[PDB]
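Student: Need a 3D model of the following:
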Amino acid sequence: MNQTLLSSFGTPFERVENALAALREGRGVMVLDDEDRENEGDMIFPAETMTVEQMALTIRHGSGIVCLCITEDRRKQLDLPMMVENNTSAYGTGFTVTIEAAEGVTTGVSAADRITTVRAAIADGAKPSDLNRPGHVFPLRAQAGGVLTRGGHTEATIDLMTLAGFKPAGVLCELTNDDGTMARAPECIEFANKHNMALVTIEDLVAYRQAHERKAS
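Tutor: Numbers count the residues shown, from 1 in each chain. See below for the structure:
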């Protein structure tokens with residue numbers, strides 16, 4: 001089992017740098033935190049090449065609901081701000097509504113036919129119109145590199161690919177099954193990721209992102 005990738009070898013600076021490459025190739029990397037809301041996790045993959053490596057682990061004991069990381073410039077270029085201001089209907093959820101790969105993807109849960117078209121669809125370069133939701137892709141606007149001025153992993157989503165040696169565009173999901181299994185603690189995500197994914201945290205992991213971009217000049 002490749003669970004020791006980021007479990008017994010995952011320190012924000014020592015083992016995440018060496019694991020950064022190991023997982024940089026979508027070899028499985030989850031990020032857990034100490035809060036109530038749960039979402040970002042084993043699916044730290046790139047928002048433009050959502051490989052099936054995670055879908056495989058999601059087809060057995062997971063779902064295909066990952067946090068999409070998008071910077072103020074990513075959505076800008078994808079000039080679409082549909083900020084959800086559902087007064088009362090939503091407690092200021094600020095849910096940066098999804099976007100559907102109009103370049104040849106229309107299923108939302110088709111890791112096979114979707115990761116082929118999505119690879120070329122969510123990753124166009126200019127998608128002000130090529131991304132029309134609902135496309136079960138929920139990108140949350142997160143400051144890039146500023147995840148360390150946050151008490152949340154949201155700003156750590158755009159930074160999740162930044163801290164993953166990846167252009168800030170990414171997916172991040174936890175143990176999401178269809179049986180209503182409230183996956184909690186690392187021991188639970190460890191079940192799904194211990195067999196096909198490495199697992200790590202976000203508190204120190206993000207502190208590592210700044211240590212990699214520090215400047216002595």
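Student: so who does residue 129 touch?
Tutor: Contact partners of residue 129, counting by Cβ atoms under 8 Å, 6 or more residues apart in numbering, are residue 102. Where you see a C-beta, it was placed from the backbone N, CA and C, and this is true even at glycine.
Student: secondary structure class for it?
Tutor: Of the three states, residue 129 takes coil under DSSP: H, G, I helix; E, B strand; the rest coil.
Student: Just the helices from the chain, written as ranges.
Tutor: Using DSSP state H, the helices assigned to the chain run over residues 14-24, 52-61, 72-77, 111-121, 155-162, 185-196, 203-213.
Student: Now the longest one: buried residues?
Tutor: Residues of helix 185-196 classed as buried by neighbour count (16 or more other Cβ atoms under 10 Å): 186, 188-190, 192-194, 196.
Student: Which of those sits closest to residue 20?
Tutor: Comparing the buried residues of helix 185-196 against residue 20 with Cβ to Cβ picks out residue 193 as the nearest, at 16.5 Å.
Student: For residue 178, give its distance to residue 64.
Tutor: Taken as Cβ to Cβ, to the nearest Å, the spacing of residue 178 relative to residue 64 amounts to 11 Å.
Student: Compare those two and say which one has the larger neighbour count.
Tutor: The neighbour comparison of residue 178 against residue 64 (other Cβ atoms under 10 Å) goes to residue 64, with 21 against 8.
Student: In contact with that one, which residues are there?
Tutor: Applying Cβ under 8 Å, 6+ apart to residue 64 gives the contacts 55, 58, 108-109, 111, 136, 173.
Student: picking up where we left off before, tell me which of the helices of the chain approaches residue 32 most closely.
Tutor: Between residue 32 and these, the shortest separation by Cβ to Cβ is 5.2 Å, and it involves helix 185-196.
Student: Which neighbouring elements make contact with that closest one?
Tutor: Counting contacts by 3 or more Cβ pairs under 8 Å, 6 or more residues apart in numbering; DSSP states H and E, helix 185-196 packs against strand 29-32, helix 52-61, strand 198-201.
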